[PDB]
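Order of listing sets the numbers, starting from 1, for every ligand and every atom in it. Chain naming here is simple, since letters A, B, ... match the order of the sequence lines and numbering starts at 1 in each.
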Amino acid sequence: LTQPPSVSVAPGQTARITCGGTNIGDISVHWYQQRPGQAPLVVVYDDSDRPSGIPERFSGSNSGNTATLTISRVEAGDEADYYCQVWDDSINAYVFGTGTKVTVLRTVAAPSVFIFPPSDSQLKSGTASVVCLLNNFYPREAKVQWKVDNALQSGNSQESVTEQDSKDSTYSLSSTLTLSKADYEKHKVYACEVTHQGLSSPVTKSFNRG
Amino acid sequence: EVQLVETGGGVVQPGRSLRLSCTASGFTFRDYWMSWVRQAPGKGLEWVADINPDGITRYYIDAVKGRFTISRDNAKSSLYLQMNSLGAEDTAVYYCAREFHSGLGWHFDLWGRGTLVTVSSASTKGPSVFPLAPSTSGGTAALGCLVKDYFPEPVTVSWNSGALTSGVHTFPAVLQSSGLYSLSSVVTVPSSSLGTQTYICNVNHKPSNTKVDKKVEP
Ligand SMILES: C[N+](C)(C)CCCC[C@H](N)C(=O)O
């Protein structure tokens, strides 16, 4: 069962999520919403019926080779993963679609950038993690470069990004530079340089050791 | 309260066995077909197996045939999944799910919260917790905790025992080349609060029974 990896929609507008299969219109299709860390929850079943408790703006259709989950009047809280599902009686197995992430569209928002030197307690353990935080931005795409005494770093940082916020539709992102304490104390200036659509030019956050 | 509760998840060495249990409450368990459904980290839902009310009929996906055995005890309102010869492809959150026979088909109308099964030779290890100290623009400051070098997933972080939730971002963990996990949790707060308000991150790593409270100050 083939679904688009991603669908984007503005608040109050209508999202349509497809579920493809050869003659899928001949069998019943059911739809689940899954929020991060949570179990899936059926939102449409038997092609177009709604479980009690589900808002009327969730509806479904199924015909030919395509089933469709429609979410009308989209809200920020509709950001989630959505899966279609059938029972395949030719192999006697439940089959899920590959899932669709719904992204809510909003205006561009520049990140608020913060840099964190390593703690003394970590340095005592012999390692230094330097953390750069990009807070509450949109869209998700951003570039973070690390510079140590103006020398560009590569291969020694990792990034993590939040799921889109269920209320304000922004993202946050961390980049963590990891050095040995021995290497860390050899340098003075630690800097995070951030590029994003909401910024006129790259923003740099830095500290001098001590 | 209508509920499914899965237990038995944890770390299992490759090639070894593990039995999952699912306890139902709030409904007539013997009236329902029951399934196990799994989800590998970051990937899609995959149905695994199911069993009818009197346990005469069981179905499995090809990938787990023979290796996995689904069973049930209606007296104990319980579902079980025996998993033998486990591989890395079996690493997943495993959900118990109830099957509903609708007018035109079959779907899942009740799920548990799931239990994580990590197939690895790696040892369980609690995290080290480090402050991300504040030191600020426009009236807002950021602070946080770095939760470093643990295995396996998951870790939970709260702030001020759950009293602080606004402006909290707890990032998805990253797997380091060392094979250990690390994550950070941050929060933005009024910068004027830094002198007076105490901020403590509460880190729980249940697999290692590690509980850490770290005060984060300027
Ligand atoms: C419940 N499960 C999804 C496993 C199968 C569905 C029932 C099969 C069908 N009623 C028949 O008698 O052929």
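- Within a 4.0 Å radius of atom 11 (C) of ligand 1, the protein contributes no heavy atom.
- No part of B:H101 comes within 4.0 Å of ligand 1, judged by heavy-atom distances.
- In this structure the side chain of A:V130 reaches within 4.5 angstrom of the side chain of A:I115, judged on heavy atoms.
- Between B:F108 and A:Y94, the ring-plane angle classifies as tilted under the 30° and 60° cut-offs.
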Applying side chain to side chain donor-acceptor pair (under 3.5 Å) to A:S28 and A:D47, what does each step give before you reach the verdict?
CA-CA 6 Å; A:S28 280; A:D47 298 338; 4.7 Å; no
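- Looking from atom 6 (C) of ligand 1 to the surrounding protein, the closest heavy atom is B:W106 NE1, 3.2 Å.
- The ligand atoms of ligand 1 that sit less than 4.0 angstrom from a heavy atom of B:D50 are 4 (C).
- Under the 6.0 Å cut-off for aromatic ring centres, B:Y150 and B:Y181 qualify, their centroids lying closer than that.
- A:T176 places no side-chain N or O within donor-acceptor distance of the main-chain N or O of A:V131, the cut-off being under 3.5 Å.
- Under the 4.0 angstrom criterion, atom 8 (C) of ligand 1 counts as lacking any protein heavy-atom contact.
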